[PDB]
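Asker: Chains as they are written, first to last, in the authors' numbering: chain P, 1 to 162; chain N, 1 to 162; chain R, 1 to 162; chain S, 1 to 172; chain O, 1 to 172; chain Q, 1 to 172; chain Y, 1 to 172; chain A, 73 to 288. Cβ atoms here follow ideal geometry from the backbone N, Cα and C, with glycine treated the same way.
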Amino acid sequence: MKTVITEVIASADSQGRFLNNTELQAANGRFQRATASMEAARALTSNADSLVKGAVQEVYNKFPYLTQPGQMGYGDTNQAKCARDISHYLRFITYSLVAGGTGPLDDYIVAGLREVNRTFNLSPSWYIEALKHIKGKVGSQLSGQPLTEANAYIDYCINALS
Amino acid sequence: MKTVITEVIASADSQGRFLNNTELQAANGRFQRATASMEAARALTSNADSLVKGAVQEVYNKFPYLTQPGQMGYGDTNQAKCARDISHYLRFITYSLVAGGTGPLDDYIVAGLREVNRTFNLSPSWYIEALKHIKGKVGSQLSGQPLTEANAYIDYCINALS
Amino acid sequence: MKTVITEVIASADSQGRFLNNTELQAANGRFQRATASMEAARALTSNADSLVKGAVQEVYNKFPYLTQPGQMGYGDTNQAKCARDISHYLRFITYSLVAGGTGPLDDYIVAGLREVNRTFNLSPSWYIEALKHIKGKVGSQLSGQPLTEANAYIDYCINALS
Amino acid sequence: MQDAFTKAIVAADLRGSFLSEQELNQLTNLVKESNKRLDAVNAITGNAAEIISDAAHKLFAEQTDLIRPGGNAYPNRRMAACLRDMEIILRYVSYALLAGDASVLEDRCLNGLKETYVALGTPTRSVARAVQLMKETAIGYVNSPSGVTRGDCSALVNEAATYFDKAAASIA
Amino acid sequence: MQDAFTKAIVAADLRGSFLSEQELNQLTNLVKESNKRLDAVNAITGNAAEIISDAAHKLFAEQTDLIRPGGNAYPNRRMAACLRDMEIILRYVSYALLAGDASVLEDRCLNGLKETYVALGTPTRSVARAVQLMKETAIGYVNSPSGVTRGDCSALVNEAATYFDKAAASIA
Amino acid sequence: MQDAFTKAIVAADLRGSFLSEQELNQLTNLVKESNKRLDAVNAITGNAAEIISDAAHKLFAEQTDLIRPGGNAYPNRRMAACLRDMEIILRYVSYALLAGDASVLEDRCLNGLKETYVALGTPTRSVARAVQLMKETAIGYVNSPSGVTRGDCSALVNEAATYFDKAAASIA
Amino acid sequence: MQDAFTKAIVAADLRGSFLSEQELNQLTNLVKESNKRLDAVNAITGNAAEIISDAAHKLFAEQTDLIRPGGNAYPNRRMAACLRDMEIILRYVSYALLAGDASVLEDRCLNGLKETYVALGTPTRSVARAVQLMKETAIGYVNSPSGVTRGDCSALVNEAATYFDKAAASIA
Amino acid sequence: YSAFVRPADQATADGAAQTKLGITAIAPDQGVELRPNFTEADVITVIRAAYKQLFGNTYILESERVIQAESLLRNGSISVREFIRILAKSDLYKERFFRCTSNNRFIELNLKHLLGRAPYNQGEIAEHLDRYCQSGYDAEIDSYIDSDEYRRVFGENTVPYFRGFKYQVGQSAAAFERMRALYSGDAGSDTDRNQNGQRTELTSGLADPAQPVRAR
Ligand SMILES: *[C@H](C)[C@H]1/C(=C/c2[nH]c(/C=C3N=C(/C=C4\NC(=O)C(CC)=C4C)C(C)=C\3CCC(=O)O)c(CCC(=O)O)c2C)NC(=O)[C@@H]1C
Ligand SMILES: *[C@H](C)[C@H]1/C(=C/c2[nH]c(/C=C3N=C(/C=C4\NC(=O)C(CC)=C4C)C(C)=C\3CCC(=O)O)c(CCC(=O)O)c2C)NC(=O)[C@@H]1C
Ligand SMILES: *[C@H](C)[C@H]1/C(=C/c2[nH]c(/C=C3N=C(/C=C4\NC(=O)C(CC)=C4C)C(C)=C\3CCC(=O)O)c(CCC(=O)O)c2C)NC(=O)[C@@H]1C
Ligand SMILES: *[C@H](C)[C@H]1/C(=C/c2[nH]c(/C=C3N=C(/C=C4\NC(=O)C(CC)=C4C)C(C)=C\3CCC(=O)O)c(CCC(=O)O)c2C)NC(=O)[C@@H]1C
Ligand SMILES: *[C@H](C)[C@H]1/C(=C/c2[nH]c(/C=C3N=C(/C=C4\NC(=O)C(CC)=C4C)C(C)=C\3CCC(=O)O)c(CCC(=O)O)c2C)NC(=O)[C@@H]1C
Ligand SMILES: *[C@H](C)[C@H]1/C(=C/c2[nH]c(/C=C3N=C(/C=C4\NC(=O)C(CC)=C4C)C(C)=C\3CCC(=O)O)c(CCC(=O)O)c2C)NC(=O)[C@@H]1C
Ligand SMILES: *[C@H](C)[C@H]1/C(=C/c2[nH]c(/C=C3N=C(/C=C4\NC(=O)C(CC)=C4C)C(C)=C\3CCC(=O)O)c(CCC(=O)O)c2C)NC(=O)[C@@H]1C
Ligand SMILES: *[C@H](C)[C@H]1/C(=C/c2[nH]c(/C=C3N=C(/C=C4\NC(=O)C(CC)=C4C)C(C)=C\3CCC(=O)O)c(CCC(=O)O)c2C)NC(=O)[C@@H]1C
Ligand SMILES: *[C@H](C)[C@H]1/C(=C/c2[nH]c(/C=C3N=C(/C=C4\NC(=O)C(CC)=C4C)C(C)=C\3CCC(=O)O)c(CCC(=O)O)c2C)NC(=O)[C@@H]1C
Ligand SMILES: *[C@H](C)[C@H]1/C(=C/c2[nH]c(/C=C3N=C(/C=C4\NC(=O)C(CC)=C4C)C(C)=C\3CCC(=O)O)c(CCC(=O)O)c2C)NC(=O)[C@@H]1C
Ligand SMILES: *[C@H](C)[C@H]1/C(=C/c2[nH]c(/C=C3N=C(/C=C4\NC(=O)C(CC)=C4C)C(C)=C\3CCC(=O)O)c(CCC(=O)O)c2C)NC(=O)[C@@H]1C
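1) If the criterion is Cβ atoms closer than 8 Å, does the pair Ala138 (chain O) and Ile9 (chain O) meet it?
2) Measuring CB to CB, does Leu113 (chain R) end up less than 8 Å from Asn76 (chain Y)?
3) Using a Cβ-Cβ cut-off of 6 Å (strictly less than) and excluding sequence neighbours within five positions of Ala128 (chain O), which residues of its own chain qualify?
4) Whose Cβ in chain O lies nearer than 8 Å to the Cβ of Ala152 (chain R)?
5) Listing by chain order, which chain S residues have their CB less than 7 Å from the CB of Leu14 (chain Q)?
6) With the cut-off set at 8 Å, would you say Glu23 (chain N) and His133 (chain N) are in Cβ contact?
7) What I want to know is whether the C-beta of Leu27 (chain Q) ends up closer than 7 Å to one or more non-hydrogen atoms of ligand 9.
8) Count the other CB atoms, across all protein chains shown, that sit within 10 Å of the CB of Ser276 (chain A); report buried if there are 16 or more and exposed otherwise.
9) Excluding the 5 residues preceding and the 5 following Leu90 (chain Y) in the sequence, name in chain order all residues of the same chain whose CB lies nearer than 8 Å to its CB.
10) Could you tell me whether any Cβ in chain P is nearer than 8 Å to the Cβ of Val148 (chain Q)?
11) When you compare each of N:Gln145, N:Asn61, N:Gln141, N:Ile9 to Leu44 (chain N) by their alpha carbons, which one comes out closest?
12) Could you give the residue range of the alpha helix (DSSP H) that holds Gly140 (chain Q)?
13) Would you tell me roughly how many angstroms separate the C-alpha atoms of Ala80 (chain Y) and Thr119 (chain R), rounded to the nearest one?
14) With 9 Å as the limit, tell me which residues of the segment 135–148 of chain A have their beta carbon closer than that to any beta carbon of chain N; keep them in chain order.
15) Can you list, in chain order, the stretches of the alpha helix (DSSP H) that have 4 or more residues and sit fully within the segment 122–156 of chain A?
16) With 8 Å as the threshold, decide whether the Cβ of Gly100 (chain N) is near any Cβ in chain S.
17) Could you tell me which chain S residues have their CB closer than 8 Å to the CB of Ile109 (chain P), listed as they occur along the chain?
18) So the candidates are A:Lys92, A:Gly236, A:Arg146, A:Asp163; which of them puts its Cα closest to the Cα of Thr111 (chain A)?
19) Take the Cβ of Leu38 (chain Y) as the centre, count every other Cβ of all protein chains shown within 10 Å, and call the residue buried at 16 or more, exposed below.
20) Show which residues of chain S have a CB atom less than 7 Å away from the CB atom of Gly112 (chain P).
21) Which residue from O:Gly140, O:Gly70, O:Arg68, O:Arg150 puts its Cα closest to that of residue 187 (chain O)?
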């Protein structure tokens, strides 16, 4: 899993050299930032649910036809899934903030994203909206660096999805 | 480009060995088949246009919302493109029938399909319908082996798209 | 073992892809030919013996000195061996006709041919004659494609021996 | 590698004999069925994507946990693998079907597969299940095609089954 | 690589069009000749060893120096190469003949061959000669077979020639 | 790989839940100690060469035989290895110390180390000994630096120890 | 690797001592025999091809089955191997003979050989037999050369034997 | 000034440790590098070596050997790493040493034949397994010689070597243990043709939890 700390170790390890000043400097960076990161996570964790509802919802407004019978958005099972899924995305995001690296995201969400989505005919687009809507809400509860961090990660997914 | 004939040569070449009986047997298979293949191509080539119209159309019935303003199916440019694209698919298919191999398909259509589609947000689904609708029409003009061949290739794309 | 069927599988396998139309065409070839191939085998199998006698014999006419004492052609043991060997060649040929590939020949006869022959001082020439004489006889019992097939394989050895 | 023809040869070789006439008649008949044989294969390849897609849906409807956190199909990464695997197995099976012999399947695919799954912690049972799910769907197509000359494919159908089953068994 | 069919396709592609009916009729007829085409190839492959053996003998009877100390075919090591080379060229030619296109031959064999030979100090002239020697012998077989249905192969014979000649030319 | 943070995540994942507030407070406090953590590492890395040099001297004063003809540290070539080894182990330990987790150490460094030693005929016991010798010296520095703000490092010191010990144990 | 000289050294090393005067006199004498030693080797190498050829003939006259379908020396492929193997063993033996030490032979040649043979299904007994067959023929030459100064080679002859035998034993 | 030296107890010496493992000089490796001006012999020795290292140490017939790849070495125009690419892209290796063994098997054996190391972790083995269907086989083998460490050591103009069985950097555990499994005796060689077919020496079971145990 890719976090700041793991990477420097990795790089140090590959070369076969002790952790010198260079790397520690880097680590320090991660730790200083954490305070902001951590704050953001506490904020998302708390409002989770509400964000999720809002997102799921949004998607349907954006793509009305989904709710019609014979479609994917139709019938509760699917709605449940849709909810679940977004929860996940969120969950991971929090994780990543705390871990101080994309790692968590990469391994759970991103890797194999495409094929999953292809085989089940999930349109990336949808997820994206979810995220965007979220981003917009988050853009109220947070501010300054905490916010900035939140964004970075949220986006990172947008980019991976698209 | 992968056709029967090219491959056996290739394989022969790699080993550094003369074309022996083994390969010729294979070749014989191809060219025997060709008679049917060729027929199919003549049939598609002739009805091209009509197939295209019908397909494009279908897609819109299947996905009404596409024709609404602010969507992809909307505004002539897009419609033109949509037409063009399907023409292509068809074109290649013919090619492949004649060449006696998937080769043509692989190199033009398939390779890099995903990323193109991703970056321009073309939903595979659409194309698929086009194809299916086509397949259905072709299932009248043709019969027996000629038909069978037509299908094989058409499908091959369905599978590549999905 | 190299037969038409095995190869296409192999090629398909390497690329990591399902058997598509390309390969099947090839396979079909093998199957249609088989009818002729099979016929040829039945003909050789039946006349085996007689072919063998005739061949062995021939060799001696061609190379009189072999039958002189202190030579290789001399003394029954050697003659027996000589017979045995040719039987083998024949046996395999039949096999290959049926298998629809050189495979059987390659693995039994051809691979390691040289060194064997070198270490025991068997002159390729001899075998060759055997074959040629055979080919000539076969050129009566068979006709059309059946014949053609028989030849191919017989030759294939000539070429491998030389 | 190996297949029906080559096989019979090999056997004959060790006896040291020319092929028995009886034995030829196995192969002679096998040839006759070719056309049928081929179409069977064609049907699988044609529907491939679907076969899988389908089987998966059913697999996951049954064993909900696989897709739940802590299960083996979770998260995405794993899921992907699981799909890939199914496919592979299929691919091979097809191969065999053409060859007219299990070997290829056994050697490339099935050999060691169980143990792998074990080491990973993948539940062999579930894998086997999936294989069957696939089997049924696949047969579905093999046996109900369109535009093909109507006749009896049973013989081939059963052989197909067997292949699937060898798979199921050795995995399980 | 390329061959007659693929080629025509490619052309058509750049125009952006389906194949012209005229163009189909090139391929349609090409198919018809297949059987002839094939036998031609078969004849070469069948006689391969000989073709070479023969050509060599004649090559060395003519250019005695090649085999004398200081020549290019001396000593054994070199000789071997020279034989091998001839063969290769032949092999390719055959390939082409099947494909119905020079390309394969040009691309994987001939291109830059000249320059190689130059750098080595191999006399390109002599190489070319050998190619022809081969040509004549080869045609000999292609054109005089036994047990094949009698007809006219000229069309193929000439195309064969051309291939040999492209070889001769680009080497020379 | 893994480390303190990642680890806690993973646990949370399998439960399928957002992080407990309690759990955050583990990490929150862990952060606070960072500065201390870092200096600890820095101290080791800074003195590395010495730590080893020292440990060795003491190792060889104790187990005279190792350096005697026929022993395991004799001759030069072997000696070298033995030194190299010690270093490595140290290197890893450090890594762990930064991560705040044994894992890295266990996986790359320790796992199967014992068996290696066995196969070679190297006496595992002595290796273990060396590890400890190192431990003590290392702590020595961690705990007595110059120019650092004075406070309590015990927490870190002990964790350091543990790492050394896991090493000692699994080797032994 | 190792040989007579190196060996004695190594022994001396573990005792921790300079070479015994007695021990030198082993090596001193060993030197004197060199010339004899060499010729022995030369004789083998000179006759190599034949030694094998010969042994083989006899091997196959005895154990007819090896060359019959189902046997281990059938078909060609296998035969070839079997010949190659014999050679190798010989090659090594020679090496040893020069070195004045079994080691080289044991390590590169014999090590793992039995297990290989087992895995293949090769009948170890027959292999051993072949080795001996070789032995006798080889000695034949070693002991009866032409144009060499007449003297006693027994000492060397026996050592040769032993090497062959270590081979036979470890294979068997 | 005692200069007590003494035989000591264990008396293992330099040689004994390796003879115990049975490496018999497989662990020590002397690299072979080609030169733009080289004797044909020097090319031959390279070919000889190349064959062994990438092949099972299995017997290679003159027929088996591919002359076209051997041609071109004398000429130049083929990098030796590219020469080694031609091998394995060879039908010879795929049909034999690839077909029989399981996907896992050839990955380990490639990782052995092309590089000394046995596989440090389960995941990296898995990375190539992702490729099997992800892309064509040729790519995956190409990926090995294209991998960095293949380049880093014996990158160009050098026959690969079994640098395994010595200390290599970043060896995640059981380097020796796995390698001990993967290398039989020097004379002994992986066999295309073998009873019980061919199975992975290394337990699929492990590659994470425990060190492998294999017959030697
Ligand atoms: C919401 C925008 C839409 C929606 C989604 C939906 N998803 C599925 C099926 C799956 N979706 C995922 C996604 C995840 N599962 C995971 O474990 C992870 C990583 C932690 C993610 C992101 C997966 C893997 C599947 C496939 C297997 C499964 O059953 O979950 C469906 C069902 C489609 C089907 O055919 O099974 C749906 C409907 N639902 C909606 O209504 C929106 C359009
Ligand atoms: C039809 C179902 C829908 C549709 C299609 C559509 N396509 C584009 C853009 C592109 N289409 C292609 C396709 C190809 N070009 C090729 O060269 C090949 C291989 C031979 C293919 C399959 C490409 C490359 C593009 C990219 C840009 C271009 O037009 O060339 C669009 C435009 C999307 C945009 O925003 O640029 C559309 C709309 N049109 C419809 O109305 C349907 C929904
Ligand atoms: C016939 C043209 C001449 C002849 C033959 C002869 N052969 C041998 C010895 C061998 N012949 C073979 C051939 C095969 N064995 C196989 O397994 C296969 C592949 C299926 C073949 C083709 C072999 C292997 C041997 C060597 C071992 C053996 O003892 O048989 C000999 C004897 C050589 C000797 O010196 O022992 C002879 C004489 N006999 C004639 O009179 C012709 C000149
Ligand atoms: C899907 C039906 C089920 C499932 C699959 C699954 N597999 C793995 C991992 C591997 N599976 C294999 C497969 C093969 N090894 C071979 O040699 C062959 C034949 C040539 C195959 C197809 C292997 C080697 C692996 C290990 C490498 C990898 O990770 O892909 C996993 C992942 C294991 C993990 O814990 O990460 C999974 C999930 N598991 C399920 O949930 C289904 C029941
Ligand atoms: C069996 C599962 C189902 C079925 C198959 C079936 N096919 C035929 C006959 C033919 N099918 C083909 C198809 C091919 N031959 C080839 O070489 C290729 C690849 C290039 C294909 C795709 C052909 C040519 C024939 C012969 C001509 C014809 O179509 O009639 C039969 C008839 C029996 C026979 O040919 O011996 C059958 C039964 N049809 C079913 O009813 C099953 C559901
Ligand atoms: C024989 C007709 C004449 C001749 C040939 C000759 N060639 C070489 C050396 C080479 N010949 C080739 C040819 C090829 N190698 C390939 O792989 C291909 C196609 C892919 C070709 C066409 C090559 C590459 C070599 C170079 C290295 C080698 O050893 O082959 C020689 C020997 C050169 C030397 O000095 O070692 C010779 C003699 N020269 C003659 O004398 C004949 C007239
Ligand atoms: C031309 C150089 C010489 C020649 C050729 C020739 N061949 C035919 C007809 C056939 N030849 C074949 C042979 C094959 N078909 C295959 O698929 C294979 C590989 C498996 C071979 C080797 C076949 C099957 C035919 C069809 C009829 C037959 O029984 O031969 C002709 C006749 C014209 C035609 O195309 O039918 C000719 C002329 N014979 C000559 O006279 C030339 C010297
Ligand atoms: C030193 C404290 C004691 C000792 C050790 C010793 N080790 C070797 C040789 C090797 N040691 C290793 C071990 C490692 N492999 C790994 O993966 C790691 C890190 C995870 C290590 C540390 C290896 C691979 C070797 C073998 C190859 C090599 O020598 O480089 C020796 C030398 C003995 C020999 O003949 O190999 C020794 C001496 N022995 C002592 O004297 C100390 C008590
Ligand atoms: C513990 C064994 C020893 C010790 C450590 C200690 N350090 C601090 C505080 C700091 N130490 C550093 C060092 C770094 N911070 C970084 O970002 C980097 C990487 C470039 C390093 C090397 C810093 C910056 C601080 C903050 C300012 C300061 O030096 O005090 C403390 C103070 C308490 C705390 O940090 O919470 C302590 C206790 N003190 C001991 O008792 C040992 C000597
Ligand atoms: C022993 C199996 C048979 C035998 C050997 C024998 N050799 C010599 C003497 C010499 N042999 C050599 C040969 C070599 N010395 C070298 O440096 C090389 C490699 C270049 C060789 C091959 C030499 C130089 C001598 C000295 C002169 C000579 O030839 O006599 C003897 C004589 C006794 C001695 O100790 O040298 C003997 C007996 N003679 C037999 O009859 C044995 C069956
Ligand atoms: C001949 C007297 C007997 C015989 C030989 C035989 N050997 C094999 C197969 C192998 N031989 C070896 C042995 C070695 N590896 C080495 O590197 C060396 C020298 C140091 C030896 C001697 C190996 C590894 C193989 C395997 C080759 C491979 O896998 O391709 C066979 C064939 C068995 C097989 O199936 O490969 C045979 C026949 N056995 C007899 O029948 C004779 C009595």
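Answerer: On the basis of the coordinates in this document:
1) No. Outside cutoff.
2) yes
3) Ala168, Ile171, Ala172
4) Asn42, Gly46
5) In chain order: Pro69, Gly70.
6) no
7) no
8) buried
9) Correct list, in chain order: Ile44, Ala48, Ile51, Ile52, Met134, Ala138.
10) Taking a beta-carbon distance threshold of 8 Å, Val148 (chain Q) does not count as an interface residue toward chain P.
11) N:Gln141
12) 124–143
13) 9 Å
14) Residues of the segment 135–148 of chain A that bring their beta carbon within less than 9 Å of a beta carbon in chain N comprise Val138, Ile139, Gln140, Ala141, in sequence order.
15) 139–142
16) no
17) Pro75, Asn76
18) A:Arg146
19) exposed
20) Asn76, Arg77, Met79, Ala80
21) In the structure as shown, chain O begins at 1 and stops at 172. Residue 187 (chain O) is therefore absent and cannot be evaluated.
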